[PDB]
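Asks: this one's a deposited entry, sequence included:
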Amino acid sequence: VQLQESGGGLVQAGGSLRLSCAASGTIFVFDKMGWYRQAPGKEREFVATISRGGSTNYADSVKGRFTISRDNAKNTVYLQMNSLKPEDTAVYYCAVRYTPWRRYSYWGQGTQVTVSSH
Amino acid sequence: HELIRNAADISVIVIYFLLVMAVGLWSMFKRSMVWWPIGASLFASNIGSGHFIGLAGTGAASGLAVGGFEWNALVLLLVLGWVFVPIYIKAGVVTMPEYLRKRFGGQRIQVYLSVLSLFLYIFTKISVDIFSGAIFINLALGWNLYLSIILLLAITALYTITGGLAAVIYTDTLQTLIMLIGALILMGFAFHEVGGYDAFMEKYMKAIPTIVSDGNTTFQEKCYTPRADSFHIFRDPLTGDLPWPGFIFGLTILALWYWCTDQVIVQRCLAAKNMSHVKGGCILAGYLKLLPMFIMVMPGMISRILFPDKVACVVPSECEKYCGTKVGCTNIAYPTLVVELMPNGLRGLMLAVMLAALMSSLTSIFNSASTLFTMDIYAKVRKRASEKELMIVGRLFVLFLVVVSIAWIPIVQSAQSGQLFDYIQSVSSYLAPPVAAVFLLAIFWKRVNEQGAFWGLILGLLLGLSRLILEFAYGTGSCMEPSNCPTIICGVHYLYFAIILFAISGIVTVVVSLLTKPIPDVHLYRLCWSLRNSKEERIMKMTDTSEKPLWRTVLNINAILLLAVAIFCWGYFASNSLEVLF
Ligand SMILES: CC(C)CCC[C@@H](C)[C@H]1CC[C@H]2[C@@H]3CC=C4C[C@@H](O)CC[C@]4(C)[C@H]3CC[C@]12C
C-alpha cells in the first residue's frame, strides 16, 4: 500500500549509486515497477518499466549506463545507476502498476539524488 | 431487519405494488410488439434468482470467473436472434416440441419433452424463484422460511389475479429500467464505500472471517481464504473452479438449450411486428446482458469485503443463525448489500422491484407449465377434454406444482456447498445437453428418424438422471470432509460432464439413426435447413424473415459491433490478471 524507498544521496561525478524501492502491505505481485525522475522545472520524463517477466525499457539518454533488475518473486526493484553526470540532479520517484491496462495506480514519495563535479 | 423497519420506505413499497395493481386493473379494463419491450423482456429472464442471489453469491465465493457465463449467454442470445428464430418462423411453429412433432413421428417425442420441460421447470425455475423470494423476505423482515414463503405466495396470487400478465410489456420494461438504475446506484454506493477500486482489489484477498475456530474442530486455511490464486477469468482446466474449456463449451451448450428452445423465451419474441424488430430487440438485450459483470458480481465481492462474517461463514453453529443454512451460505451477498448500503428512499424501491421481477417470473412459468400440462399430457390421455374439468385440472396441477416446489427447497438451500448458481447449472447440466444435441442434429444433419432421437434422449436421461440421483443422495460436502461417491462418475466436474453428455447423446442418436430407416425428403421442405417452396404433409402475425435491405445492413453492423465489444471485454479481462506472492 506504500512504496518505501532509499539509497539516494550525494556523490561526485563519475560515481555510482543503487536506488531501492521495496513495496509493502500488498498481496499481489506488481507488474511495471519502473522509476520516474523529476528535474526541478521539468516534468516526469523517463521510463524504466521492467515487466513481470523482466524486460527493461529505458530512455535513450540513460540507456546502457543505467541498469535495473528486480527479484521476480519478492516485489523489490533495484535501480543500479552508473557513471553519474551532472544532468541527473533530480528527485527520483518510484512508480508501479497492477496490470498492463491500469496506468500507474500507486506512486512514490520521492528520493532526491544530487551529483556534483568537484 | 432493523434497516427496513422504518416506515419511510414502506410507503415506496406499497405505492409500487399499488402501481402494478393499477396497471393490472388497467389491463383488465382495456403480435405487434416493438424492439424495446422485446429486449427488456428477454433481459429480465433469469433475474431475481440467477442474477441477484446466485450470481453474486458465486462471485462472493470465487471471484470474477462467473461473469463469463453472462457473455456466453450474450453470444447464444445473438445466435438465437440470427438463426433459430427464422427456423421457428419458416416452419410455422410456436415452440420446440411442436416443431419436433412437425419434424418426427408420433406422440412419444412430444410427451417426453413435455415431461422433461416440466421437471426442469420444477427443478430450476419455480423452486429457485421461491427460495430467492424467501431469502429476500428473510433478510428484509427477519421472519422464518415458511411464513415468508406463504407471504410470497399470497402476494403473487394477488399479482396474478390482478392481471399484470396480460400487460407484461409495460410492467416488465418498467421493472427492468427501475431495477437497472437502482443497481447502478447501488454499485456507485458500493465502490464509494470500500475506497475506490484498488482497495477493493487488496481488501478482498484479506477478507477472512474471525470465528474460524470451533473449539475442538478447526477448519483448514483453504476453507475461509478467498481462493488467493483466483482473481482472473480463465482458471486452470484441471483443478480450478469454473475451468475455462469447460466454462465456454458447457455454458455454450447450456445457453443453447435455454436461450433457444425454452417454451416462453421464443414465444416472447415470436410475437413481434417484424423480424428486424426481433433482431433489434436481441441486440438491445445483448447490450443489457453485458452489464452484470460490472453490476451484479463486483458488488458480490464488495459484500465479502464489508461484511466478512455473514457472507463467508465457516462454522455451522453460528452460520445456522445468521443465514439459516448449515454450511457456507454465500447466497445472501446481494440482499445484505441492499438492506445496508442504501438510503431509505431507494431501499424500499429495490426490494419492491426485485420482487416484481420475481412475481412476473413466477406468473409466467406457472401459466406456461399449466399450458404444457393441460395441452400436451391431459389432452392426450383423456382425448375428450370437457372444458370445466380442463380448467379445474389446470388449477389443481399448479397447486400440486406449488406443493412439490415448496418441499424441494431444503435440497436447494444446501445443495452445492452453499451456492445457488452452482445448483442451477448443476441441474441444468444433467438434463439439458441431451435436448440440445437432439435439437441440433434434428435441424442440421437431416438424416435423422424418430427411432434415433428418442432413444438418444432416453440414454441421455439414463446417464444424467443417474448422475443427478447419485449426486443429491450424497452431496459435495464441506471442505474438510470429502464426498463419499464413486469418483469416476461423481467428481470430474458438472461442466465436463455436460460436454461428455452432449457428445455421448449426439453419437448415440447418430448411430441409432444410421442403423434404422431414413426419413423421406418429400415432406421436410420448409423446416430442417432448406428454403424450398413445395408442400408437405406430416403428423396479422409474422410469417416471414424479410426486412428492408438498409435495416438488414444496420442490424448486421450492430451485431458485429456487439461481438466486437464483447470480445473486447473478454480480451481485456483475460489479458490483465493479478497474481499474488508467496
Ligand atoms: C442503445 C444501445 C445501448 C444499443 C444499440 C443497439 C440498439 C439499441 C439499436 C442499434 C440499431 C437499432 C435498430 C436498427 C434499425 C431498426 C429498424 C426499425 O424498423 C426498427 C428499429 C430498429 C430495430 C433499431 C432499434 C434500435 C437499435 C436496435
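Replies: It's in. Residues are numbered from 1 along each chain as shown, chains lettered A, B, ... in the order given.
Asks: run a quick neighbour tally on residue B:34.
Replies: Residue B:34: 15 surrounding residues under other C-beta atoms under 10 Å in any protein chain shown. Where you see a C-beta, it was placed from the backbone N, CA and C, and this is true even at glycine.
Asks: now it, what's its secondary structure?
Replies: When classified by DSSP: H, G, I helix; E, B strand; the rest coil, residue B:34 comes out as coil.
Asks: same check, this time on residue A:93
Replies: Classification of residue A:93 using three-state DSSP returns strand.
Asks: hang on, it packs against residue A:35?
Replies: Yes - the pair residue A:93 / residue A:35 is scored as a contact, 7.1 Å apart, by C-beta atoms under 8 Å.
Asks: more neighbours: which of the two?
Replies: Looking at residue A:93 and residue A:35 with other C-beta under 10 Å, you find the greater number of neighbours at residue A:35, namely 25 against 18.
Asks: please identify the helix or strand for the nearest residue to residue B:107 once chain neighbours are set aside.
Replies: Nearest non-adjacent residue to residue B:107, counting by C-beta to C-beta, 6 or more residues apart in numbering or on different chains: residue B:380, 6.1 Å away. Following DSSP states H and E, one finds residue B:380 within helix B:378-381.
Asks: other residues contacting the following helix or strand past that helix?
Replies: Note on helix B:378-381: by DSSP H and E, the next helix or strand toward the C-terminus is helix B:387-407. For helix B:387-407, the surrounding residues in contact (C-beta atoms under 8 Å, 6 or more residues apart in numbering or on different chains) are B:122, B:126-127, B:130, B:146, B:149, B:153, B:366, B:369-370, B:373-374, B:378-379.
Asks: in helix B:387-407, what's buried?
Replies: B:390, B:393, B:394, B:397, B:398, B:401, B:402, B:405, B:406 (16 or more other C-beta atoms under 10 Å in any protein chain shown).
Asks: state the distance from the nearest residue to residue B:234 once chain neighbours are set aside to residue B:426.
Replies: The spatially closest residue to residue B:234, leaving aside those adjacent along the chain, is residue B:244, at 3.9 Å (C-beta to C-beta, 6+ apart). Noted for residue B:244: a distance of 18 Å to residue B:426, by C-beta to C-beta, to the nearest Å.
Asks: looking at these two, which is more packed in?
Replies: Neighbours per residue (other C-beta under 10 Å) separate residue B:244 from residue B:426, with residue B:426 holding more: 23 against 17.
Asks: which bits of chain A sit near chain B?
Replies: Residues of chain A that fall close to chain B, judged by C-beta under 8 Å from any C-beta of the partner chain: A:1, A:26-29, A:52, A:73-75, A:98-102, A:105-106.
Asks: 6 Å instead, please
Replies: Within chain A, the positions near chain B by C-beta under 6 Å from any C-beta of the partner chain are A:27, A:28, A:29, A:99, A:100, A:101, A:105.
Asks: surely the fifth one meets residue B:577?
Replies: In this case it means residue A:100. No - in this structure residue A:100 lies outside contact range of residue B:577 using C-beta atoms under 6 Å: 9.5 Å.
Asks: where does chain B get nearest to the ligand, residue-wise?
Replies: Residue of chain B nearest the ligand, by C-beta to the nearest ligand atom: residue B:280 (2.7 Å).
Asks: picking up where we left off before, and the ligand, which of the buried residues of helix B:387-407 contact it?
Replies: When contact is defined as C-beta under 6 Å from any ligand atom, the buried residues of helix B:387-407 do not meet the ligand at all.
Asks: which residues of the stretch 1-150 of chain B fall in helices?
Replies: B:7-29, B:36-43, B:54-61, B:68-79, B:85-90, B:96-101, B:107-121, B:127-141, B:145-162 (DSSP state H, counting those that start in this stretch).
Asks: could you dump those helices to TSV with mean neighbour count?
Replies: Below are the helices of the stretch 1-150 of chain B laid out as TSV (neighbours: other C-beta atoms under 10 Å in any protein chain shown):
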stretch	mean neighbour count
helix B:7-29	15
helix B:36-43	23
helix B:54-61	29
helix B:68-79	22
helix B:85-90	19
helix B:96-101	22
helix B:107-121	18
helix B:127-141	23
helix B:145-162	16
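Asks: hmm, back to that, OK, contacts around the residue of chain B closest to the ligand?
Replies: residue B:35 (C-beta atoms under 6 Å, 6 or more residues apart in numbering or on different chains).
Asks: following element in sequence after the helix or strand harbouring it, please.
Replies: In this structure, residue B:280 sits in helix B:275-288 according to DSSP H and E. Per DSSP H and E, helix B:275-288 leads on to helix B:292-296 as the next helix or strand towards the C-terminus.
Asks: how about that following helix: buried residues?
Replies: Result for helix B:292-296 [16+ other C-beta under 10 Å]: buried residues B:292, B:293, B:295, B:296.
Asks: give the contact list for the residue of chain A found nearest chain B.
Replies: Sorted by distance to chain B under C-beta to the nearest C-beta, the residues of chain A start with residue A:99, at 3.6 Å. Contacts for residue A:99 (C-beta under 6 Å, 6+ apart) come out as A:31, B:576.
Asks: chain A versus residue B:541, what's the distance?
Replies: Taking C-beta to the nearest C-beta, to the nearest Å as the measure, residue B:541 falls 48 Å from chain A.
Asks: can you tell me the SS state at that residue?
Replies: coil.
Asks: likewise residue B:211?
Replies: Residue B:211 - assigned by three-state DSSP - is coil.
Asks: what sits against it?
Replies: residue B:315.
Asks: dihedrals phi and psi, it?
Replies: phi -120, psi 40 (degrees, to the nearest 10).
Asks: thinking again about what came up before, now the buried residues of helix B:292-296 as TSV including distance to residue B:168?
Replies: Listed next are these as TSV, based on distance: C-beta to C-beta, whole Å:
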residue	distance to residue B:168
B:292	22
B:293	27
B:295	23
B:296	23
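Asks: now, which of these sits nearest residue B:570?
Replies: Taking C-beta to C-beta as the measure, residue B:293 is the one of the buried residues of helix B:292-296 closest to residue B:570, at 10.6 Å.
Asks: show me what contacts the closest one?
Replies: residue B:67.
Asks: let's see 10 Å
Replies: B:55, B:59, B:64, B:66, B:67, B:68, B:69, B:70, B:71, B:233, B:569, B:573 (C-beta atoms under 10 Å, 6 or more residues apart in numbering or on different chains).
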